[PDB]
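The data below hold one chain only, encoded as structure tokens and taken in the form deposited in one PDB entry.
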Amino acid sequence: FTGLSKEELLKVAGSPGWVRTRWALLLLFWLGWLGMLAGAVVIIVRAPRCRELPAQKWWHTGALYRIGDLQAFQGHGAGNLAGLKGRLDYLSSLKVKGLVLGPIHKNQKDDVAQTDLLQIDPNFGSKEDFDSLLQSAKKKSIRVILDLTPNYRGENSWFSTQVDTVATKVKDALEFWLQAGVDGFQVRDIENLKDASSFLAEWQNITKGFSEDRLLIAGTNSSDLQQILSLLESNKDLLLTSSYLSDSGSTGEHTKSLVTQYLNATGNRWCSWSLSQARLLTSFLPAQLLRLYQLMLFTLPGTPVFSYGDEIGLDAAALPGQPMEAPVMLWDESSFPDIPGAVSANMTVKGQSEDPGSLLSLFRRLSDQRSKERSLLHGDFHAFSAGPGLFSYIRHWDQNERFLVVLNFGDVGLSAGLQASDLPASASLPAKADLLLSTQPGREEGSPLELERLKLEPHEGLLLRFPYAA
């Protein structure tokens, strides 16, 4: 009811000069469409490409959990092999991708003739129970690594006898246990095994001969870099857990030098980060540094290996009358029958599980972040200089959220002075960054924080993040 009708429009809209404009506008529209398509094509072509994935294995994704003494993990009571089915749920909580069970084979004494790595010791259980445990763990997406150290009851890892017999016996054991369905092996105290390099290479070859998702782990006690490197001269894909890192490197500069030297010497290859082969973190660190080292080990380029109870900080100096190698796990206040009441409420797993400022919550957050972020999964690592006593580095893979870790190992407060001036332009740190967490409560989370006036409290760590910006 507003405008011309059919007849008037026919009269006034058919003249030349009004039909030319319609065709002209149609051609302009089609030319604009073609130009937009050409622009989109040239933008797509002139763009950086993605970077191919490095084909991560199952043990490249998260941390490893070690259960040295199986009897003491379930507290006072039966140490039957099936009891782990009640605790396995917890492993998933911690989001650990592995589980190194202790030696469960027959072992009388240093007599090699009566010790066989084929039969499970009757105290722990039976073969059917082990198969049930393996199947349940596989259904839970948690892998199992079996320790095959012959003489674990004795002081010496081996029987001090002639090597070849023990080597043949263990190499026979690997085949049977692989047919059983285990996902990896571990051998400890190889410094007591003469010519261990050839045996380790042959065992790695026979383990890889079954599948490419089979792991072999070796353990030493030597902190010498050259001795560690000599073991890996003939082996490229062997995880060697050693006490190299834990050599009283409390100060930040020494720790940074150790990490950088090891990474440079190994050729930036995949490694395992731990403080020892069978010892807890507290055996080498004071109680004031446990959070710092847990923040460190969950961000370094490798597989972090933690012993059982390291998520809540067990120690053998708080409960007397205990072995130095097999502390009892503190599940509840009834964990320790002796001295009935010495166990407090903050030293137990259930007490820390509800406290948002305990070691357990920090461990859970770090394990969740490590096994989910691609930069922490397989990102490049670059450490840069800072103040006198600070360890500062950055993780960046291709284009994902870059991570920046700053640790203050000094006993007094100090600034940052984050003067890099040498990092590649692909990962240059910006003026502002977020804050995932801090070791010491008192800092708001998520809020962007300027990295120019960074003040660090004594023994504090920061896990800032920032996006990729070319």
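Each form is matched to the other, and the largest set of C-alpha atoms that superpose within 1.5 Å is called the rigid core. The first residue of the sequence shown is number 1, and the count goes up from there.
This next part talks about the form deposited with a partner chain bound, which is not shown.
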Next on the checklist: Within 4.5 angstroms, counting heavy atoms, which one of the listed stretches 241 to 249, 77 to 85, 307 to 315, 383 to 391 is next to the partner chain in the entry with it bound?
Outcome noted: 383 to 391
Checklist entry - Contact between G68 and the partner chain in the entry with it bound at 4.5 Å, heavy atoms? => result no
Next on the checklist: Does any part of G410 reach within 4.5 Å of the partner chain in the entry with it bound? Heavy atoms only, please.
Outcome noted: yes
Checklist entry - Counting only non-hydrogen atoms and a 4.5 angstroms cut-off, does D237 reach the partner chain in the entry with it bound? => result no
Checklist entry - Is there a heavy atom of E253 no more than 4.5 Å from a heavy atom of the partner chain in the entry with it bound? => result yes
Checklist entry - Of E253, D121, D172, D110, which one's CA moves 2 Å or more between the shown form and the other one, core aligned? => result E253
Checklist entry - With both forms fit on the core, has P441 moved 2 Å or more by CA between the shown form and the other one? => result no
Checklist entry - Does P54 move its CA by 2 angstroms or more between the shown form and the other one when the core is aligned? => result no
Next on the checklist: If I superpose the two forms on their rigid core, does the C-alpha of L37 end up displaced by 2 Å or more between the shown form and the other one?
Outcome noted: yes
Item to check | Comparison of CA distance in the entry with it bound with shown form for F391, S250, at least 3 Å | outcome: farther
Item to check | Outcome for the Cα pair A287, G252 in the entry with it bound, compared with this form (closer or farther; change of 3 Å or more) | outcome: closer
